Amino acid sequence: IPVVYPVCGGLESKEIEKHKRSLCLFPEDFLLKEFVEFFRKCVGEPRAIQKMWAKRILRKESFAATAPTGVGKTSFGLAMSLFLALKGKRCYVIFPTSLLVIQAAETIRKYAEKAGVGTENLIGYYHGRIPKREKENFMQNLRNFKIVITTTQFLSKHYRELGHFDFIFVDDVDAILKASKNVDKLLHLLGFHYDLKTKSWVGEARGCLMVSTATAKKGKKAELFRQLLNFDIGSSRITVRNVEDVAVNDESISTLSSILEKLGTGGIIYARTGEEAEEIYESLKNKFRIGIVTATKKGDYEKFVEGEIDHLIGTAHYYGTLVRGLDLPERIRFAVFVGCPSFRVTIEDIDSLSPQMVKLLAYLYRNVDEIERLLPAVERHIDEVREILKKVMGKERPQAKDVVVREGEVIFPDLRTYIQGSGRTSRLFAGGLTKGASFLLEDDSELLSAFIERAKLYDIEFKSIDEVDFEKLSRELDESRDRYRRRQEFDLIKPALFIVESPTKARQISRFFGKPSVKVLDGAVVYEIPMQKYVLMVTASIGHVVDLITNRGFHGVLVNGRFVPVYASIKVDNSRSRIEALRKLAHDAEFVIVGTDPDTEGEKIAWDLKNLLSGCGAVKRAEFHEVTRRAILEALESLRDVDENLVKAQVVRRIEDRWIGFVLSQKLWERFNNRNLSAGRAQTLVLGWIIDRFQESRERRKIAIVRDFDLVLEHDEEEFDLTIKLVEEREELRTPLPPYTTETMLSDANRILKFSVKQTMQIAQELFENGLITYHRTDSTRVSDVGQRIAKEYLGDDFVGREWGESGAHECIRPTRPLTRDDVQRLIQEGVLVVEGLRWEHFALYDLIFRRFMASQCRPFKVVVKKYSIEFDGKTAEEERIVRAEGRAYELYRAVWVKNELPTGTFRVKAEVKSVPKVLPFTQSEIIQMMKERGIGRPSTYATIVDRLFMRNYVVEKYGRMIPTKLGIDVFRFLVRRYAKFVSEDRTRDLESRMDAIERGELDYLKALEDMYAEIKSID
Ligand SMILES: Nc1ncnc2c1ncn2[C@@H]1O[C@H](COP(=O)(O)OP(=O)(O)NP(=O)(O)O)[C@@H](O)[C@@H]1O
Ligand SMILES: [Mg+2]
């Protein structure tokens, strides 16, 4: 029952073309607007994110409030508390310090001092102060208070006897997670009574709870909030930053560290060891105001905070010891690292130490047969490795660039610390993200470099070289922080439901900014995290929310001088729920960003979404051809609107498969009644070629095989006398092959690795989804500037240009970072590149992609081609062969066949001879190429077409080659003999283009559908 803007038209069924109440209205919407106005009277204009919370609460939804500082969280809670009390709902606000409780009480009265009541029968607070009389007055009346504020302590002590609350607000969540019972005691207050008997609970949410993100340990106790309130807490670290990173190969206490101290003050220095730290204090004290910390004594911290001190010296270890691990958003302005934060592992150390710490070192090499522990019972045992280690390593020099070997000893750069250390230098506020600066000075050249390189892995980790504008810097910092102070006046950071296809993608992306807080809505999981651009709430559509219906109109299309696609919910869950789920989130954000795949189907999803979530909020489209923090941000800076052109091509293509597919398949059920049969045009065609290869394979059983020479001649004599007459022998050097494209990838994936095309696509997808390669569906070989810069960083000297193809807007399939298969595997073990469900096969694949690509950009290679002319039994054949090829490109991608060479000589031969087929049956690899050469099928379809044939039992494979079956044959011959004109290679090849055409905005879909509708009813 939907009007304005069941059955929405341009949500029972979406009846859409393309190019009196409201649609995105929720119940609590009238309860909200009141609240806003209310807020406008006690604090001001509700911030986007503050409005989103309200909704959550007005719908009684518990969750972990995660957002930038400076945003009015505390005010909200208080305010919202007061609002619910005016509705006689009662609320509980829990704080972690006496004063906060007091500040809180004031903040309410103040509000109330704006058309509010204020009566005693309203607010009641309690903390460690208060005397004989007011303590009594509290307990004896507690329960008639619509608002109860107290420290997080009073809770543990008096959970029982505290009434229940409709809304309970927790300021600091670590003030609770400290003691397990706190949790229990909270749910209790909400109506969740434990059941010793069942040893589990049971209960109905009486109210709703709202808590901050946590800074300290997690604990399996929090897990309780999941099964009970469908929500995980998650960190308030938020790994984003501005920060200017400067690298100096000099750590001179003099002409350097002190010249940097020219950069105003409030710098925090970090020294390798406590011992090394103090060694500076004296070196530097009669220049600049100092400070030193640690176990010994602090005080310098207060002196710093208060302004006495201008800087601080300490360790990555001790600074944490301080309050909040040392967090002064306004004071701290920059940090200098005296010595690259590193980790050490000695040659004579190997012995004792975590096995999962032996694996890492296990890599870094591999030269010999050490891969033989790679695959492992894991515990094939480290012991065997530790020993293997000792023996080899001194002389052997690894190839890595992120660490140093020297000579017996391996130095590990420690970025974790670095990030964390220079992170105090930049914070996320309602006003953006303070500017930072981190000066890392190290004398150990080789090491510094290793850091520098290792940094790259943590993206946004490039370093300058004192080629800094110091004058500006000092300003930006003092300026920037000035902003923060004025944080109370911004709201640049707003919510934005970011919809991606799969959960994998969801996770990968939300993690790009930290440990997001979760929430499980009626029909969907949402990972919400804050960042410089918005307060993302990445959620996964789980594919297409809707698909072509099967009843309405002609096979889904309303016709009669019309053509109007009809869409329906999908599919034991119904996708209608995800939509209903999505419209709610959308509702709360008032702004949606679809980030589905960068293809037509992807565009088709945003499209529907654009439609379905109408009214709710703007629905922009983020386009990126790789799933990586960097790409995503770039996208977040280049949003566009659904590209209608893609949709139309998305539609039409669909409609065909529906029409030409159904009707034909049907004709296959009418004859020799056997449903479960299937016709597809594209597949009938192929299936055809698949036959017109088999019928040709049962012939010309000629051929003879020499014993020494890799010779194969079409003859029929056992022994004989051959003649090798060396003719030509040129030395050619040329360009490698282009970077893979869906087509050729599926091929090499079949020829080299023995993967089926359905498998490879699956792998590719997962590889793509784990930010390791560009998008896998692509027919372009184009190489983005960035992509060249990737190769250059690996090849070096061997790196050539080669843009490869300069059409379309699509790019080839290739590595996202310069990282061989090992490097990846390593980093994964090392924990630098986190990913989901990847087995050998993936890297088996990732490997070829990397090679193919890096080859494409690599230098031309030298190949030696020696021709040969042979004459025997009156017959003389002349063939040419490759006897040798050398160069980088070949070491990476063995494109050419280096057959065996053969000195000239007319001597006595000994052949085995055999009865070989005229030709041999196609292999997924060859058949995939024909599909391209010939013009049939596309990246989104090559694999599917070929699969079908196998699953409809039309084809089977033998010796790794494709072979038809009667079932199939009789099938092929059926469609061919009687409807050959709908299956004509030409019709399919031309039609296959009308689509690309419509997609590029050249052919008209309407005028495209007529020819299709007509053509089809032409049999009905
Ligand atoms: N939406 C708003 N519009 C204008 N001013 C606001 C708004 N929300 C909060 N404030 C103000 O901001 C100040 C901080 O509010 P408070 O409840 O302490 O929020 P907080 O941001 O959670 N604190 P912190 O993150 O520690 O700065 C108070 O003066 C006001 O409530
Ligand atoms: Mg606070």
# chains A, B, ... in the order shown; residues from 1 in each chain; ligands from 1
call {"tool": "residues_near_ligand", "arguments": {"ligand": "ligand 1", "cutoff": "8 Å", "atoms": "only C-alpha atoms and all ligand atoms", "output": "ChimeraX atom specification"}}
result
/A:39,43-47,50,68-78,487-489
call {"tool": "closest_atom_pairs", "arguments": {"of": "range 431-548 of chain A", "to": "range 607-619 of chain A", "cutoff": "10 Å", "atoms": "only C-alpha atoms", "output": "tab-separated table"}}
result
residue	atom	partner	partner_atom	distance
A:496	CA	A:617	CA	9.4
A:497	CA	A:619	CA	9.4
A:498	CA	A:619	CA	9.8
A:499	CA	A:609	CA	9.4
A:541	CA	A:609	CA	9.7
A:544	CA	A:608	CA	8.9
A:545	CA	A:608	CA	7.9
A:546	CA	A:608	CA	7.8
A:547	CA	A:608	CA	9.8
call {"tool": "select_by_dssp", "arguments": {"residues": "range 323-371 of chain A", "states": "alpha helix (DSSP H)", "output": "list in words"}}
result
residues 358, 359, 360, 361, 362 and 371 of chain A
call {"tool": "residues_around", "arguments": {"residues": "residue 587 in chain A", "least_positions_apart": "2", "cutoff": "10 Å", "atoms": "only C-alpha atoms", "output": "number ranges by chain"}}
result
A: 24-26, 29, 52, 55, 497, 581-585, 589-592, 613-617
call {"tool": "atom_distance", "arguments": {"atom1": "CA of residue 784 in chain A", "atom2": "CA of residue 629 in chain A"}}
result
17.2 Å
